[PDB]
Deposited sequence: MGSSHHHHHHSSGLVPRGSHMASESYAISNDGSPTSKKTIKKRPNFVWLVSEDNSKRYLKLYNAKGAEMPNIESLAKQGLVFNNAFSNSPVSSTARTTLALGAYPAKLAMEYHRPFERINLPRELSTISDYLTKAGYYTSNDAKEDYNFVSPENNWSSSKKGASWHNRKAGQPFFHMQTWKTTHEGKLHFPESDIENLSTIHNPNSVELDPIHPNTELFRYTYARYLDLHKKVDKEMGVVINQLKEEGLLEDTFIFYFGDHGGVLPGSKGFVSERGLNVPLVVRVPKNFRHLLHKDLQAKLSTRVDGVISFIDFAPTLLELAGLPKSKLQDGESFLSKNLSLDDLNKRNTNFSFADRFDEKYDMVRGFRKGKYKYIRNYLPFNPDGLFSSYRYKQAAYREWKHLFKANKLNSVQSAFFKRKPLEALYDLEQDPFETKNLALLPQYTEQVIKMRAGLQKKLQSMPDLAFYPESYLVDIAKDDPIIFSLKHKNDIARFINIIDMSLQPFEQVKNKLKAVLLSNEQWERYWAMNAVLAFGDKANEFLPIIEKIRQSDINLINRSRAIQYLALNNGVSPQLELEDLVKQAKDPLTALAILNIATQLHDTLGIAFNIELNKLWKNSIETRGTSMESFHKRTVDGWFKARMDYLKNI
């Protein structure tokens, strides 16, 4: 006898919006009913703040960044290495009936027979009699797209929840629109609970409850402004409930059997989900998985509550790029902004379809926000450190305070070690990485592990007093390796005017680098620091780029310059660059259209 599994997944939502975790959240009788014989997790987190990279993590039990899958949505899907597959593939091979309804959003090439059925209406019903099953289902009721309503809805559509009772995130302006948007999101939670009840009630009528582990969770944090798309805790924290079936209690430690509703405070990550299903199904862990099962025969509640670690990743989201790593350990959250000159408010078309987003930015421009509220739109610190017990909304950066020097240094080392040993493939720009790594990222990883260690050491030079690293950094700017010149230029950008001594070197890179992104970075530096007008050269370079991703990278730089210097760009693209193939081209073209329409006007 093997247990069944059900994954009930709502889109984009954090735990604060649920009454189960928050006194001013939405009542959800069906999910609250699950919790009655269930484990309720107070600290479950994805490892990235958007759908495709989070879903990818869930399936694989492994970090996307080490497999060249950190790019939403992908330009190239990546072929999986031999010793790593999806949990649906593993369960299917082991004889489970596996149904998915219907979202996938994988950044890997799908394994053959990945599911018994992945489509609208796919169901455990279609299993063979007595066959154990794994059902996954997505509800889009809470998706970001549901908060793209017109501002006039404030007066035209009433919310069930009362916006006047809303207690806003500290980084948000206290406005009617924001309190309204919040209430709309509370309303969507009431709704999705109803919809999910349909499925839970079928399992009940069919008598499957006590043979089945039922998981409910959000597919990442969100979705009010400053959450989804960022590795702040807002982007990562999700509700998580596991109703523990009576007939398979014996697979778990007595502490975890959920004979009464039980709270778990240990940090659970999305990398842990697949290893957990493997263990419960009696299957061995994948030799390339990063996560660890949180449901084991020998795992006590105390054991589980000691877990306190989560690494988070953010790179590309639609047309918009930035590079941020998050590292939470115990009560501290450490943030590394590798490209601090990119504000978090750097324009993304889809984010700003939410009217609250537009209002926030408008209020920033009008100088009506306090320092905590306006930080989202400004140049970032190279490092941020937060005490989540004292400051759960990450509003007070401790990194520059002398009494936290040791804490900063240690978490700095912890993150560098993690990213170097993984190794984090995203220190190669996507426009170089994915075309090569797509055949087998493990192969790329093995070949270039030390290169990535070098890239990380180069950029982290910007964490040192300029006088101590200037000679080292100068030599890197003159390196033969183009991606080392890239990361040295990025260090130079972090230094700002402190590195102005490098001007002739920077000017030469601007004129003559064989790499177009390296030219663009130098132009960026000179535009930001020395009054150079970048429009003409960047317009040319975008036109010169011989592949979509290189152009897109340069368009992101144009966007940063547009947002900071308030200048327009006129973009034309290089003429040089099957139903499913159509879909890919449409998505890519959308990215460029989004950039072109935006950059056109100040």
Give the ranges of the deposited sequence, numbered from 1, for which the structure holds no C-alpha coordinates, in sequence order. 1-41, 619-626
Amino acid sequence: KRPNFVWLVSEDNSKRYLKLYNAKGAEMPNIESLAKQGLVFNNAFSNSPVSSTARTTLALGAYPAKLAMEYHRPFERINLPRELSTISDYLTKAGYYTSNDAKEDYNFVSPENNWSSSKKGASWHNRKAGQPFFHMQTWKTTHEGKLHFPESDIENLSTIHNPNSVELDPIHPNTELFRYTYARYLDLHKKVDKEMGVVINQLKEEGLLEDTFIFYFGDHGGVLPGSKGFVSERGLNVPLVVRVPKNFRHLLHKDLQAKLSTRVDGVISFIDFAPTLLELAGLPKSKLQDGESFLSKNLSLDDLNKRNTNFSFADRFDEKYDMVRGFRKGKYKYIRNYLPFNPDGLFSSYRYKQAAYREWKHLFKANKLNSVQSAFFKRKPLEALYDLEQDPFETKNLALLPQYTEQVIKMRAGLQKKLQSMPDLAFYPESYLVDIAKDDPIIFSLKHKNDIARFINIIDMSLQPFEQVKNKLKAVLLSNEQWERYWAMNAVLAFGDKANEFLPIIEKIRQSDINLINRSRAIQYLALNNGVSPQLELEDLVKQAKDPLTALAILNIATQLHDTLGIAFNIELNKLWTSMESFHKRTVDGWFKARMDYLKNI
From here on, numbers count along this sequence of modelled residues.
Do the CA atoms of 160-168 or those of 482-490 have the higher mean B-factor in the entry? 160-168
Tell me which stretch, 313-321 or 151-159, has the higher mean Cα B-factor listed in the entry. 151-159
Between 235, 207, 239, 330, where does the Cα B-factor run highest in the record? 207
Candidate set 336, 228, 297, 454 [ranked by C-alpha B-factor, highest]: 297
Third of chain Cα B-factors occupied by residue 69: lowest
Split into thirds by Cα B-factor across the chain's modelled residues, where does residue 42 land: lowest, middle or highest? lowest
State the tercile, meaning the lowest, middle or highest third, of residue 249 with respect to the CA B-factors recorded for its chain. highest
Taking the C-alpha B-factors as the PDB entry records them, is residue 97 in the lowest, middle or highest third of its chain? middle
Going by the CA temperature factor in the PDB record, which third of the chain does residue 430 belong to: lowest, middle or highest? lowest
